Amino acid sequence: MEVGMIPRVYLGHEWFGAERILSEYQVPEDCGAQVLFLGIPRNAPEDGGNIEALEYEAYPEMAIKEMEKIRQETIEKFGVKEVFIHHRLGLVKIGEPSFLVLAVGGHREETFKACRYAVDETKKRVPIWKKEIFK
């Protein structure tokens, strides 16, 4: 995707990815910590080990609005400088990240907390659900 600036909140069938975000985002002089979480579809033995991919769907408008709300809360609550919350829609192969959260802050203490908060809240409140694709 070609954009003027990488969106902080993204929900779509395309993807920017950790490499591009980390490469393009300029860390502010007052920030000394970045904590990135990548959620990846698994094909663990406990699920049969026959999963080839996951298909993600959502209520697009509702989801992105709630995602932005969580981002706002994360920044205000932990005092970090920036937070990215991205999630893919459509087909996602096992091993490919489908969920991304990047927190940028002054120190690691609050940056780790910020990332974990955004990740946990997103899972509890954002309307995005998966479907397994077998074989």
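Heads up: residue numbers just count along the shown sequence, starting at 1.
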Original post:
Where do the C-alpha atoms have the higher mean temperature factor in this entry, in 107-115 or in 9-17?
Top reply: 107-115
Original post:
Of the two stretches 64-72 and 42-50, which shows the higher Cα B-factor on average in the entry?
Top reply: 42-50
Original post:
Taking the values straight from the PDB record, which of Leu91, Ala33, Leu36, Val83 has the highest C-alpha temperature factor?
Top reply: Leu91
Original post:
Should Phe78 be placed in the lowest, middle or highest third of its chain by the C-alpha B factor in the entry?
Top reply: highest
**OP:** Taking the values exactly as deposited, rank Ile133 by C-alpha B-factor within its chain and report the matching third: lowest, middle or highest.
**Re:** highest
